[PDB]
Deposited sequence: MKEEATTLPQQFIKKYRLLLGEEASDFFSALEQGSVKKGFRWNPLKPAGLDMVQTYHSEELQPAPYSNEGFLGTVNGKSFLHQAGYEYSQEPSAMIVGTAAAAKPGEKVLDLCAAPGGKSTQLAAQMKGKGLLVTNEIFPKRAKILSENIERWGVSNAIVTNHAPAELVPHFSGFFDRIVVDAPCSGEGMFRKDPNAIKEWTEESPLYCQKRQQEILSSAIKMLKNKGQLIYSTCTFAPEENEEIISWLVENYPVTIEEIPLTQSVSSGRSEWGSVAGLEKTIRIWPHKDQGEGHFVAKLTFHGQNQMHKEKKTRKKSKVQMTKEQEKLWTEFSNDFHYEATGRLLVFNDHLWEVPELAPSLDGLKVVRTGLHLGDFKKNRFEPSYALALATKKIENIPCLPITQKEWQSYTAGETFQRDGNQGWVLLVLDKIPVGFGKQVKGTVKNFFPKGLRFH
């Protein structure tokens, strides 16, 4: 059930190719995928074992598989899998963030791309992940934590609000722009309902506004990755032309093994458009995406909290017998202990949902380690562990205590090789610290 105006537009744009395109749109299958997590202990091995050693690789990411995720099992709970549609993975792959970079994901929910960036960065550098909707930012924040990311600041702002804080700051910025959503037709039937003939141009103007803020946050020779889940020239090639015409930016190659369709020079007004990437449902794998990588050559304008004495004592105790040592700065807000990357600027004046690695909470004469810390553990040989069975995993995620002889205190619960959270072994029974908001 395509919109008549859409059918006419793309009949003219595509010519005879249009038939295969509509036929893909109306009869084809929505592609499903997920990624394993190189940040995790034995990430891939654990997926091969408890998901499948048969599953087929996804076309557009080194860590992608075709298939669906059991949202209620342990590989998902512990962040060993992130479900993401196959063509969407192209964006994070194009971005190729590097360990140690300052990286911005400007329109970030649900967290598909931030999560591939973080995998790329291997806990080095600084990932700021911004979402404009407070509700979605919460979701984004919870996925970052699940995924075990320790170097992220999760932000809740409109692009422009960030500029004063991050002018000329980033090595790399990913803008997965709100767009007309013609690549979401198969997947979300509401997307068809909401589409009008004026959507592409309406979205084009918003894209320009978002990007005019983004470009200010780029370092000299910083890279901008722009993407969209729509087919419209108005939001793709015309946006890239506009960028090239109004800014000192160069269109760059996006190396890939998987062959793909390309941007069309006749849909833009500048050279190099063929270096941009198109994913067509009738032609390539996945739902539909546009991606472009550019280099910026300008030079942008660049213009309590300490732990209590007792909190110092408390944390040092824990960090000692648990054998974890902090790398970033230790700050407290609301008795929440955070470890913040050194790269973070001052966050005063920012709406920050997540400030680096949440280490734990201070309470009545005590420090309690966090779910986040459990799920960011990489080195299991080094800390007190209590191996559990899947049945015990069931009880644990239900919020129930289980029994284990001993009195070892704070322990990382580990399923095979998967850290699933903290328990506290007190007199033969493991007490439950699976976050209440997550129990089944």
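Missing from the model, relative to the deposited sequence, are the stretches 1-6, 310-318, 456.
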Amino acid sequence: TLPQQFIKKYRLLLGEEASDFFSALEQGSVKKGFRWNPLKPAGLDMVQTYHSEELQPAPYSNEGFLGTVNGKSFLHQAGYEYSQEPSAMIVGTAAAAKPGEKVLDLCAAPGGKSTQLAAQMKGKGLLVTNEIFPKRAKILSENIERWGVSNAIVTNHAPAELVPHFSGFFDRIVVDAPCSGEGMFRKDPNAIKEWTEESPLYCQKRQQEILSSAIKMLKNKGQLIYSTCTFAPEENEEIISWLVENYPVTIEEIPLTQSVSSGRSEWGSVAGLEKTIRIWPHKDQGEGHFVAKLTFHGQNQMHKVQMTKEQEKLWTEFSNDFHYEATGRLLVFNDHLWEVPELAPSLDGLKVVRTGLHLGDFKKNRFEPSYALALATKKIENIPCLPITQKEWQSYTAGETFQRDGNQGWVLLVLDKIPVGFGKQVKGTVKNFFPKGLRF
From here on, numbers count along this sequence of modelled residues.
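The PDB entry records a higher mean C-alpha B factor for 50-58 than for its counterpart among 389-397 and 50-58. Looking at mean Cα B-factors across 100-108 and 284-292, the upper value is held by 284-292.
Annotation for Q306, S150, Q208, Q77: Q306 ranks highest, by Cα B-factor.
Between the residues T115, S141, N220, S199, the entry's highest C-alpha temperature factor is the one at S199. In this PDB entry, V154 carries a Cα temperature factor that places it within the lowest third of its chain's modelled residues. In the deposited entry, the Cα temperature factor of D361 places it in the highest third of its chain's modelled residues. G183 sits in the middle third of its chain by CA B factor, as recorded in the PDB entry.
In this PDB entry, the Cα temperature factor of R404 sits in the middle third of its chain's modelled residues.
For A372, the recorded CA temperature factor ranks within the lowest third of the chain's modelled residues.
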